[PDB]
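Here you get one chain, nothing else, as C-alpha cells; it is the form deposited in one PDB entry.
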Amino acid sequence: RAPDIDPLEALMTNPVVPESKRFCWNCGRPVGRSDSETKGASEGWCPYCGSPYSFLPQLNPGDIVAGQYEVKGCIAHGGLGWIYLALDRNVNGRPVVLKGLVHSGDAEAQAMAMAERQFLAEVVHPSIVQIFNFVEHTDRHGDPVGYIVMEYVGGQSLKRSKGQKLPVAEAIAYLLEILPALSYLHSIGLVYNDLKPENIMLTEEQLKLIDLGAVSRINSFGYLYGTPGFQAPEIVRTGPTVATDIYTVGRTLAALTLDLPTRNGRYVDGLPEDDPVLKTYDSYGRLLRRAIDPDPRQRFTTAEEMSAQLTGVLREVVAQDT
C-alpha cells in the first residue's frame, strides 16, 4: 500500500532560526549568538540598542486566529519575523499566509498599523499577491499583535546568485509580465517601492509580486526604507514616485542578468564597465542605463513607456541570440 501524505508538511520549515541568521530588527546587529562564554538566547534584548527580539514562532500549529485561520506552521522567517501557513475557514479551508505588521508596539500601535495598510485589500491585479484580511492575535507573551492575511503563492523567488544569472531574454520576458502590475499601481496613485528579485515569485503558471510592505502613495515620505543597490538615490528628496519605481526596474533587470560587483554585501551603483552581457546586447545596456539614470527626469516617464521600449529590446535580443 502507497501512503497518504499531507502535502502541507513538505511546504513548511522547522520553526527555528539558525544563529547565523539572527539580527536585531532595530539596529541590524547580530543578536542571540553563542560565544566562547554563553549560549545564545532565542529571545531577549539587543545588547546595543535595547530593542526586544524573539526568534520563536508567535503562532503555533492548531492556533485559531480571529476564529477564521487555523495555523499549520511556518513557511519562512524574514525581517518582520515568521511567515505562517494557515487554513481559511471562510474560503473552503484554502491554505493562506499570515505575516506580522510591526516589529514591536502596544495595542494602539498594532491597531494603527492594521488600519494604514487596509487599502491593500482593494489592490486587485493577477500579478500582485492578494491581501484578504488584517487580523489581531496575542503573541507568545500575551500582548496583542497584528497580522496581514494573504494568498499562498507557489514556487520560489527570482533571486539568483553569481553562478545562476538569468539569460537576458528570460529576464526581459519576466519584467514585461511585471511592468503592467506597476502601471496598474501607478494608475491608482500607488508605488510598489520594493521591486527586487527576492520579491518576485515564479510559479508553475505566472510571476507574482509579494511583500506589499513598502507599497505607498506617490510623493509620500512616511516610508523611505529600501535596499542599497535597488533604491533610487533621490528618494529622500522626492519620496516614492513613478521615477523611483522605474529605477528599481533597471536595478532588478541588472541584478537578474549581470555579475554586478558587490561591496559590503550590496550591489554597487551604476553598471560595471566592459561587462560581457552589456557589450553583447547594446539596446539592453542602453535601456538599463536610462532606467537607472541619477536624474529621475531622464528615466522612462511611465511604466507603459518602459514596457514599449523593453518589448523592442526583447525582439533585438531574440534576433541576436540566433
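Rigid core (definition): largest C-alpha set, two forms, superposition within 1.5 Å. For every residue, the number given is its place in the sequence shown, counted from 1.
Below, we refer to the form deposited in another entry, which is not included among the displayed structures.
- When both forms sit on the same rigid core, the CA shifts between the shown form and the other one reach 2 angstroms or more only at 140 out of 140, 94, 77, 125.
- Once both forms are overlaid on the rigid core, the distance between the two CA positions of residue 152 between the shown form and the other one is under 2 angstroms.
- After superposition on the rigid core, displacement of the C-alpha of residue 184 between the shown form and the other one stays below 2 Å.
- Distance between the C-alpha atoms of residue 55 and residue 140: longer by at least 3 Å in the other entry than in the displayed form.
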